[PDB]
């Protein structure tokens, strides 16, 4: 048994999903809920100025995703996929929770944003950059000692989600299952049933991802959803998860490696920086922030053996704390998901000795050189 009073907090990594937003695509029904631009009013307490650069960096890369979303105008006038004031407030509250843990309860982080203590990375999509702003606003109460810089990568090299367009081997392994996923036993019958009851045309192309997208977005904003959409909300969520897992199952190790392995390699590398005491204390940070996606969380959670079979909700976070025992000099990792203490695969306890944790992750970790080899057929 370890006495936690001799544990000293060294490093924190937070991976989070953006807050509540408008749907990527609306449902194909004559009667749709309105997405009103009034939902985009910025809460004053989240006002924080930042700039975005590439990883170098370097100018903010072009975002194909932002362009794609602006091609879709929802009933009411909002664009698809935009963070709302509801989402901004969720991200702010996550920020204030972090402040409680890492600023107030122990003096780990400065009360004001210090560029040298914090590394910030996001995918290059407006809802993630804005969520990052709101998280920081809550964590630092809109106070900074220096400019906030968010790093983002070119879409073609991005590792913060499974990248199908850039990784040829991943695309090839999953293509067959992706084709047939909605035709699988029990998924297909449920899908047919929900579409029938909702009066959605048999010809319309709709899967559980689209249904879940809309019910989660509508529910988070308390919009007047179709009564049948509400009746099936839980089943819809379950089947969206089943679809995802059929395509990228826990038993397919190599697909998991290519999907999340490079991101895990990043998280591992951060932990390892603690093993070198003298080397580059300049490069090391106290806090690493990554704005990632629900499609990142699912495989990520599975590789850590903590997946709960729920769709990762708006503003969810995965938090990794690294401690060193002051007497023993042993290193320990603690993992939390959505505020809840977790016990990862291959770990005896919630407080996991660093060496055992690293061994567990190493099953799925993918170095950049290996990953690069697989991204190409030739």
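Residue numbers count along the first chain shown, from 1.
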property: 73-81 versus 260-268 - greater average Cα B-factor per the deposited record; result: 73-81
property: Comparing 275-283 with 124-132, the one whose average Cα B-factor in the PDB entry is higher; result: 275-283
property: Highest recorded Cα temperature factor - choice among 176, 185, 95, 111; result: 185
property: Out of 318, 27, 315, 351, residue topping the C-alpha B-factor column of the entry; result: 351
property: Relative C-alpha B-factor of residue 340, binned into the chain's lowest, middle or highest third; result: middle
property: Third of the chain's Cα B-factor distribution that residue 332 belongs to, per the entry; result: lowest
property: Residue 322 CA temperature factor, ranked by third within the chain; result: lowest
property: Entry-reported Cα temperature factor of residue 288, expressed as the chain third it lands in; result: lowest
property: Residue 197 CA temperature factor, ranked by third within the chain; result: highest
